[PDB]
Each structure stands twice: as structure tokens, then as C-alpha cells.
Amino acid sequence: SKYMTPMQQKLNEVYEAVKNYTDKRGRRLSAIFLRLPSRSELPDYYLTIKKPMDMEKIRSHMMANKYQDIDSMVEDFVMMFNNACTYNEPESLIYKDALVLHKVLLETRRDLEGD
């Protein structure tokens, strides 16, 4: 069945808002967040970040129809952004981008408050 429920459409809309966000120069902030590198690639990350999260994991949960509500998806995004702001320094661009995307997430959730 190609037709999504209102909840499914709302989940997709929030996911896509974060994924598709581009700055004024056209840089897609989500690019580095889609797939976390491997443990062999970033040993320190997996030793220090308790619950690794990336947007492909979120997408997967969504496509599997496993998010029962919007809050649950937001929680995973917040986890990811907090992991990024934990691992990386406040001065780093990745840290900064995480803060921008967090705002896109909350703004998107809020703008869809009344659906």
C-alpha cells in the first residue's frame, strides 16, 4: 500500500526537513550525520558515546514503521545531536551544524503542532 497514515506522513516530514536542510551556500548539513563511521574508523567514538546514532538508523526505524509517535523520533535525533556535541569540540563545524539541525528539528515539530 503506497498511502501513508497521517502519523507516517508527519514522521517523514520531520525526517526530511532535517535531511534536506541546506544553508545559504547550499551545503547540506545532514551529509556527515547520515552514516556514522565504523568503530575501526573512529575507535574513541564508540568507547565514549554510549548509544551511537545516525540518520540511516533513524530512517530504518521509520521505514520499518517502528516509531509509534513523533516524540520517539525526536528523541533519537536529540540523542544523535547530543552525541555529536559530546564527541566534537564546541568550536568545530560539526558541533555547530548539530545545533542548527536541532533547531530545524524543533521548529519543524512546532510548525506541525496543529498539523
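What we label the rigid core is the largest C-alpha set whose atoms superpose within 1.5 Å from one form to the other. Throughout, we count residues from 1 along the sequence that is shown.
Relative to the displayed structure, the C-alphas of 38 to 46 lie farther away on average in 9 other deposited structures of this protein than those of the other candidate, with 38 to 46 and 75 to 83 compared after rigid core superposition. When the mean C-alpha temperature factors of 9 to 17 and 103 to 111 are read from the deposited coordinates, 103 to 111 comes out higher. Comparing 64 to 72 with 49 to 57, the stretch with the higher mean C-alpha B-factor in the PDB entry is 64 to 72.
Ranked within its chain, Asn88 lands in the lowest third, by CA B factor from the PDB record. Sort the modelled residues of the chain by CA B factor and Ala31 lands in the highest third.
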